[PDB]
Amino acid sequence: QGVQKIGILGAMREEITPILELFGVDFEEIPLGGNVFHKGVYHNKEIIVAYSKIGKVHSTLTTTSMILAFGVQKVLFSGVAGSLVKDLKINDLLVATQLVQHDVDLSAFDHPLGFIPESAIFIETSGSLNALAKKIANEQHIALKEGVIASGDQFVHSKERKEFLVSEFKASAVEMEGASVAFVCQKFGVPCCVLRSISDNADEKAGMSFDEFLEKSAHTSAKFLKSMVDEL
């Protein structure tokens, strides 16, 4: 019965800026493994906030550091994502129920795409945290979608790649970190929730949309993440 330690992660500095602002507490900055961890006290909880830097290796490293070096008991991810489905519009929020590494390819050995031996195609997130997210969204009258998020080390900006992610994985959104964060948490037995707000449609205009909406979408996700932390 110590103080609860909660890890809060984004991929980009822009994804954690609104998180730090919204919590409004003093943070100690602690450098480790190329990341800066922002350690603060919020209600009866220790919150450790960081951005990993972009992509799967960065996010895997940072999540592992949060767990081993800072002793976090839960990890909440907040950031932006590309939409793969018509009903997920710019600014909409989605919670990932499962995630996949969409760029993994061991098909030379007849493995399905996404699969690595001693693992699985789909990585689950925390049912209790996802239930909390849904409960809060319903009380606040916020549309919150749930579905599969695909993660890879490419920025997706083509109709062809979008359609593959939908056909192969039944994914709803695409990003570059969720699956790796969720994977690390699964390996250590740490509950994980991945929240994303849509910044673009993962098509030919995605780069321009992303630049336009990163701030607003990052804020939308951050505000929702704070509302979850308020109930922990």
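A residue's number is simply how far along the shown sequence it sits, counting from 1.
Looking at mean Cα B-factors across 64-72 and 171-179, the upper value is held by 64-72. For the pair 119-127 and 143-151, the mean Cα B-factor is higher in 143-151. Ranked by Cα temperature factor within the chain, residue 101 sits in the lowest third according to the deposited record. Among the modelled residues of the chain, residue 191 sits in the lowest third by CA temperature factor in this PDB entry. Among the modelled residues of the chain, residue 165 sits in the middle third by CA temperature factor in this PDB entry. For residue 214, the recorded CA temperature factor ranks within the highest third of the chain's modelled residues. In this PDB entry, residue 94 carries a Cα temperature factor that places it within the middle third of its chain's modelled residues.
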